[PDB]
Amino acid sequence: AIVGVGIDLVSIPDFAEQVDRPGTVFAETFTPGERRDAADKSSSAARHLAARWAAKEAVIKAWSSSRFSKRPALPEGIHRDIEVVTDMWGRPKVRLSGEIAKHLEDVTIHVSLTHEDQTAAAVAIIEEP
Amino acid sequence: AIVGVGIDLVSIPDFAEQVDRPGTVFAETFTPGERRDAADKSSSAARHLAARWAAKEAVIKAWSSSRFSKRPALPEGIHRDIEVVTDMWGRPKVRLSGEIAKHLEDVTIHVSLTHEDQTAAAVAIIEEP
Amino acid sequence: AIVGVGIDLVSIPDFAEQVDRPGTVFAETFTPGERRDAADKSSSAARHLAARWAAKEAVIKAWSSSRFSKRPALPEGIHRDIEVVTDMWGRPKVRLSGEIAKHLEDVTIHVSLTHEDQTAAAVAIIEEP
C-alpha cells in the first residue's frame, strides 16, 4: 500500500536567491556551476533546478511522513542519500544511497515534477506491495 | 486500493481576506484568534492557516470524488467532521468526527501540505486495503 | 498498484495567450468558441479551461512515466485519445478513446484539479489491481 506522500511548492525567485549560498545541503545536491547558473532567476537553469529541488523535497517529506522516520528531525545524510535527477527528456529519476537506500530496498518511490512562471512543484508517493 | 484523490491550491492573500469574515465553516475550522491573526496576509499565521485550509479542502475533494459521497452537494457537518491540524513540526494530521468518522473507519487518509510566497497547496489520497 | 503519477502546474495568463493559436492539439481538446473565450485571461473560461488542461497534461505525464509508454516521444493521437472534461459541478472525468482506451482498459485513472488567482494545477494517478 501507500507508505508516504509528499507535495512541495518552490518559489523560483526565492530558490535562485538561496541556491548559490554556501552550504552542505545544496552542495550535496547540485554542482557549483549548476548553482551559479540557477542563481539567475530568469534562467532555464533556475526553473529546472527549482523543479528538481521541489521533487527532492517532496520525496523527503513523503519519507518523513512514513514509518521509516523514527525521529522528528531528519537523519544525518538524508540530503546526500536522496537525489532526484532528470534524463535528457526532463523526466525525474530517484537515486538512493547510504542508509536510505538500505532501508528502502523494498519500497517504490513515484515522483512527478512541474513548473511554470515563478513556481515549481512536485509530488512523491512511496509505496510497497 | 485508492478510494479518492484531491489537490487544492489556495491564494494566501485571498484566504487572508476571507478567513476572518463571520461564517460557520471557518468558525468550525479555526478559532477567532487564529482567524484575526491570519487576516494579515503577510503574517506567518496567514501562510500556515492557508496550508491547513488547502489540506482540509483537498481531503474533502478526495471524499467528494469517492463512493462515500452519495449526492453532488456536500453533506451537513462535513466541515465540522473533517479537520486537519499540524503538530509542532508543521506535519499534518487528519481528525475525523461525526458521521464521516463512522463511515471512514476502515479507510486511510494520506495528506501533505506546502506553501511558498503567495500560494499554499495540499494533496490528499484516501486509500483502503 | 500505482502505474504512473503526474502533476502539472499551468499559468492561467500564459495559457490564455496560447490556447487560441491555431494548432491540432488544442483543436482536439477544446472548441473554437471555448478557446476564444479562454483567450481572455481574466475570464472564468480561462480559469476553468486552464484547470482542464492541467488535468489532461497530468494524465499524459502519468502515462508517459508508465510502462505503457514505449518511446520517449508521445505517440500519435494521444491528445485526441485522452480528454478530461468536467460535469456541471466542476468535477473532472477522464475519457479515453483510440489506442489509449484499448491499452488502458484494465487500469484506473484518478484525477483532481484546482485553481486560484493566476495558477491552475492537477494531479493524476494511474493504478491497477
# chains A, B, ... in the order shown; residues from 1 in each chain; ligands from 1
call {"tool": "interface_residues", "arguments": {"of": "chain C", "to": "chain B", "cutoff": "7 Å", "atoms": "only C-alpha atoms", "output": "MDAnalysis selection string"}}
result
chainID C and resid 110:117 122:123
call {"tool": "write_last_selection", "arguments": {"atoms": "C-alpha atoms", "output": "PDB file, in the first residue's frame"}}
result
ATOM      1  CA  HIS C 110      -7.652   9.133 -10.750  1.00  0.00           C
ATOM      2  CA  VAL C 111      -7.545  12.864 -11.349  1.00  0.00           C
ATOM      3  CA  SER C 112      -8.091  16.051  -9.344  1.00  0.00           C
ATOM      4  CA  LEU C 113      -7.832  19.657 -10.468  1.00  0.00           C
ATOM      5  CA  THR C 114      -7.767  23.052  -8.796  1.00  0.00           C
ATOM      6  CA  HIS C 115      -7.141  26.714  -9.488  1.00  0.00           C
ATOM      7  CA  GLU C 116      -6.677  30.089  -7.839  1.00  0.00           C
ATOM      8  CA  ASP C 117      -5.594  33.514  -8.951  1.00  0.00           C
ATOM      9  CA  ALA C 122      -3.872  18.926 -11.349  1.00  0.00           C
ATOM     10  CA  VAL C 123      -2.633  15.557 -10.197  1.00  0.00           C
TER      11      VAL C 123
END
call {"tool": "select_by_dssp", "arguments": {"residues": "chain C", "states": "strand (DSSP E)", "output": "ChimeraX atom specification"}}
result
/C:2-11,82-86,92-96,108-116,119-127
call {"tool": "write_last_selection", "arguments": {"atoms": "N, CA, C and O atoms", "output": "compact mmCIF listing (two decimals), in the first residue's frame"}}
result
# COMPACT_ATOMS: atom_id res chain seq x y z
N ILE C 2 0.16 1.29 -8.00
CA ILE C 2 0.27 2.50 -8.81
C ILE C 2 1.07 2.21 -10.08
O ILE C 2 2.08 1.53 -10.05
N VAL C 3 0.57 2.75 -11.19
CA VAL C 3 1.12 2.54 -12.53
C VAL C 3 1.88 3.78 -13.01
O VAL C 3 2.88 3.66 -13.71
N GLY C 4 1.39 4.95 -12.64
CA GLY C 4 2.05 6.19 -13.01
C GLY C 4 1.51 7.37 -12.23
O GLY C 4 0.38 7.33 -11.74
N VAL C 5 2.30 8.42 -12.11
CA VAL C 5 1.87 9.61 -11.37
C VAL C 5 2.29 10.86 -12.14
O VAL C 5 3.37 10.90 -12.71
N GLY C 6 1.43 11.87 -12.15
CA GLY C 6 1.73 13.11 -12.85
C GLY C 6 1.17 14.29 -12.09
O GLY C 6 0.09 14.23 -11.53
N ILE C 7 1.91 15.39 -12.09
CA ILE C 7 1.41 16.64 -11.54
C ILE C 7 1.71 17.70 -12.58
O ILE C 7 2.71 17.60 -13.28
N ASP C 8 0.81 18.67 -12.71
CA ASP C 8 1.01 19.73 -13.69
C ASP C 8 0.52 21.06 -13.13
O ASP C 8 -0.57 21.13 -12.52
N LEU C 9 1.33 22.09 -13.35
CA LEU C 9 1.03 23.45 -12.97
C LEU C 9 0.92 24.27 -14.26
O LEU C 9 1.74 24.13 -15.16
N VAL C 10 -0.11 25.10 -14.35
CA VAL C 10 -0.37 25.88 -15.55
C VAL C 10 -0.52 27.35 -15.18
O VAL C 10 -1.27 27.69 -14.26
N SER C 11 0.19 28.23 -15.88
CA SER C 11 -0.02 29.67 -15.74
C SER C 11 -1.27 30.06 -16.50
O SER C 11 -1.34 29.88 -17.70
N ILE C 82 -6.93 11.10 -25.16
CA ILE C 82 -7.09 11.41 -23.74
C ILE C 82 -7.75 12.77 -23.58
O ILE C 82 -7.20 13.80 -24.00
N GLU C 83 -8.92 12.79 -22.97
CA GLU C 83 -9.63 14.03 -22.71
C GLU C 83 -10.05 14.08 -21.25
O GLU C 83 -10.34 13.04 -20.64
N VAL C 84 -10.07 15.27 -20.68
CA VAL C 84 -10.59 15.47 -19.34
C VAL C 84 -11.65 16.55 -19.39
O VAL C 84 -11.37 17.70 -19.74
N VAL C 85 -12.88 16.17 -19.06
CA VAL C 85 -13.98 17.11 -19.01
C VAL C 85 -14.43 17.30 -17.57
O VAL C 85 -13.96 16.61 -16.68
N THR C 86 -15.32 18.26 -17.34
CA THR C 86 -15.88 18.45 -16.02
C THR C 86 -17.40 18.35 -16.15
O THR C 86 -17.95 18.72 -17.18
N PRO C 92 -13.87 16.58 -12.40
CA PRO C 92 -13.24 16.05 -13.62
C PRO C 92 -13.61 14.60 -13.93
O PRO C 92 -13.75 13.79 -13.01
N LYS C 93 -13.71 14.29 -15.22
CA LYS C 93 -13.94 12.92 -15.70
C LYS C 93 -12.96 12.66 -16.82
O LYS C 93 -12.80 13.51 -17.70
N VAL C 94 -12.32 11.50 -16.80
CA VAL C 94 -11.39 11.13 -17.86
C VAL C 94 -12.11 10.29 -18.91
O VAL C 94 -12.82 9.35 -18.58
N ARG C 95 -11.93 10.66 -20.17
CA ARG C 95 -12.47 9.89 -21.28
C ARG C 95 -11.33 9.49 -22.19
O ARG C 95 -10.53 10.33 -22.61
N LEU C 96 -11.24 8.19 -22.45
CA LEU C 96 -10.22 7.64 -23.33
C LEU C 96 -10.87 7.15 -24.63
O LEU C 96 -12.03 6.75 -24.66
N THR C 108 -7.17 2.06 -13.82
CA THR C 108 -7.99 3.18 -13.37
C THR C 108 -7.16 4.45 -13.43
O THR C 108 -5.97 4.41 -13.15
N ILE C 109 -7.78 5.57 -13.78
CA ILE C 109 -7.08 6.86 -13.75
C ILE C 109 -7.79 7.80 -12.79
O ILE C 109 -8.94 8.18 -13.01
N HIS C 110 -7.11 8.18 -11.71
CA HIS C 110 -7.65 9.13 -10.75
C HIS C 110 -7.15 10.51 -11.10
O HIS C 110 -5.98 10.67 -11.43
N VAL C 111 -8.01 11.52 -11.03
CA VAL C 111 -7.54 12.86 -11.35
C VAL C 111 -8.23 13.89 -10.46
O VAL C 111 -9.37 13.70 -10.06
N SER C 112 -7.50 14.94 -10.10
CA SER C 112 -8.09 16.05 -9.34
C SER C 112 -7.51 17.33 -9.91
O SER C 112 -6.36 17.35 -10.32
N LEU C 113 -8.32 18.39 -9.96
CA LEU C 113 -7.83 19.66 -10.47
C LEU C 113 -8.22 20.80 -9.53
O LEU C 113 -9.09 20.66 -8.68
N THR C 114 -7.55 21.94 -9.69
CA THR C 114 -7.77 23.05 -8.80
C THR C 114 -7.25 24.31 -9.46
O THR C 114 -6.46 24.25 -10.39
N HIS C 115 -7.71 25.47 -9.00
CA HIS C 115 -7.14 26.71 -9.49
C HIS C 115 -7.36 27.85 -8.51
O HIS C 115 -8.29 27.82 -7.71
N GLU C 116 -6.48 28.85 -8.58
CA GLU C 116 -6.68 30.09 -7.84
C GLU C 116 -5.78 31.16 -8.40
O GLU C 116 -4.61 30.91 -8.74
N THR C 119 -3.02 30.66 -11.28
CA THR C 119 -2.43 29.32 -11.37
C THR C 119 -3.50 28.22 -11.34
O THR C 119 -4.43 28.27 -10.54
N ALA C 120 -3.36 27.25 -12.23
CA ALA C 120 -4.18 26.03 -12.15
C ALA C 120 -3.26 24.85 -11.93
O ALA C 120 -2.07 24.90 -12.26
N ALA C 121 -3.78 23.76 -11.36
CA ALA C 121 -2.95 22.59 -11.11
C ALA C 121 -3.80 21.33 -11.16
O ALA C 121 -5.00 21.38 -10.97
N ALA C 122 -3.15 20.19 -11.40
CA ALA C 122 -3.87 18.93 -11.35
C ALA C 122 -2.91 17.83 -10.98
O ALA C 122 -1.71 17.95 -11.21
N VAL C 123 -3.43 16.75 -10.40
CA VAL C 123 -2.63 15.56 -10.20
C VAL C 123 -3.39 14.37 -10.79
O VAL C 123 -4.62 14.34 -10.78
N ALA C 124 -2.66 13.41 -11.32
CA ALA C 124 -3.26 12.20 -11.86
C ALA C 124 -2.50 11.00 -11.32
O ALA C 124 -1.27 11.02 -11.25
N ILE C 125 -3.23 9.97 -10.93
CA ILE C 125 -2.60 8.71 -10.54
C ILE C 125 -3.24 7.58 -11.32
O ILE C 125 -4.44 7.38 -11.25
N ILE C 126 -2.43 6.84 -12.08
CA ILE C 126 -2.92 5.65 -12.78
C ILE C 126 -2.63 4.46 -11.87
O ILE C 126 -1.60 4.41 -11.21
N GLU C 127 -3.56 3.52 -11.80
CA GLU C 127 -3.48 2.47 -10.79
C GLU C 127 -4.13 1.22 -11.35
O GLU C 127 -5.04 1.31 -12.15
call {"tool": "select_by_dssp", "arguments": {"residues": "chain B", "states": "alpha helix (DSSP H)", "output": "ChimeraX atom specification"}}
result
/B:12-19,24-27,32-38,44-64,78-81,98-103
call {"tool": "closest_residue", "arguments": {"among": "B:42, B:56, B:63, B:99", "to": "residue 76 of chain B", "atoms": "only C-alpha atoms"}}
result
B:99
call {"tool": "atom_distance", "arguments": {"atom1": "atom CA of residue 26 of chain C", "atom2": "atom CA of residue 45 of chain C"}}
result
14.6 Å
call {"tool": "atom_distance", "arguments": {"atom1": "atom CA of residue 77 of chain B", "atom2": "atom CA of residue 44 of chain C"}}
result
29.4 Å
call {"tool": "closest_residue", "arguments": {"among": "A:21, A:107, A:15, A:48", "to": "residue 66 of chain A", "atoms": "only C-alpha atoms"}}
result
A:107
call {"tool": "residues_around", "arguments": {"residues": "residue 78 of chain B", "least_positions_apart": "4", "cutoff": "8 Å", "atoms": "only C-alpha atoms", "output": "PyMOL selection string"}}
result
chain B and resi 60+74+82+100
call {"tool": "residues_around", "arguments": {"residues": "residue 28 of chain B", "least_positions_apart": "3", "cutoff": "9 Å", "atoms": "only C-alpha atoms", "output": "ChimeraX atom specification"}}
result
/B:23-25,31,79-80,83
call {"tool": "write_last_selection", "arguments": {"atoms": "N, CA and C atoms", "output": "CSV table (one decimal), in the first residue's frame"}}
result
chain,number,residue,atom,x,y,z
B,23,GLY,N,-18.8,33.3,9.7
B,23,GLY,CA,-19.4,32.2,8.9
B,23,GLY,C,-19.1,30.9,9.6
B,24,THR,N,-20.0,29.9,9.5
B,24,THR,CA,-19.9,28.7,10.2
B,24,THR,C,-18.7,27.8,9.8
B,25,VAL,N,-18.5,27.7,8.5
B,25,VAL,CA,-17.4,26.8,8.0
B,25,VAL,C,-16.1,27.2,8.6
B,31,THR,N,-10.0,29.1,15.2
B,31,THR,CA,-10.5,30.0,16.3
B,31,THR,C,-10.6,31.4,15.9
B,79,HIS,N,-17.7,20.0,7.3
B,79,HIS,CA,-16.6,20.9,7.7
B,79,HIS,C,-16.3,20.8,9.2
B,80,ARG,N,-17.3,20.3,10.0
B,80,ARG,CA,-17.0,20.0,11.4
B,80,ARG,C,-16.4,18.6,11.5
B,83,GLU,N,-11.2,17.7,10.0
B,83,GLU,CA,-10.3,18.7,10.4
B,83,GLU,C,-8.8,18.3,10.1
call {"tool": "residues_around", "arguments": {"residues": "residue 19 of chain A", "least_positions_apart": "6", "cutoff": "9 Å", "atoms": "only C-alpha atoms", "output": "tab-separated table (two decimals) with N, CA and C atoms, in the first residue's frame"}}
result
chain	number	residue	atom	x	y	z
A	26	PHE	N	22.85	22.08	-0.30
A	26	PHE	CA	22.85	22.40	-1.73
A	26	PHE	C	24.09	21.89	-2.46
A	30	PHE	N	23.58	19.86	-5.94
A	30	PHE	CA	23.87	20.42	-7.25
A	30	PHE	C	25.35	20.81	-7.31
A	35	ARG	N	24.68	25.72	-9.61
A	35	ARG	CA	24.15	26.67	-8.64
A	35	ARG	C	24.40	28.11	-9.08
A	36	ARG	N	25.57	28.38	-9.67
A	36	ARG	CA	25.83	29.71	-10.24
A	36	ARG	C	24.82	30.06	-11.32
A	38	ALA	N	21.83	28.80	-11.76
A	38	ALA	CA	20.46	28.86	-11.25
A	38	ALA	C	20.23	30.08	-10.38
A	39	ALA	N	21.29	30.82	-10.06
A	39	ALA	CA	21.15	32.00	-9.22
A	39	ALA	C	20.52	33.15	-10.00
A	46	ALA	N	17.52	28.07	-13.48
A	46	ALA	CA	16.78	28.32	-12.25
A	46	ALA	C	15.47	27.53	-12.23
A	50	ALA	N	14.96	24.33	-9.79
A	50	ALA	CA	13.92	24.53	-8.78
A	50	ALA	C	12.95	23.34	-8.77
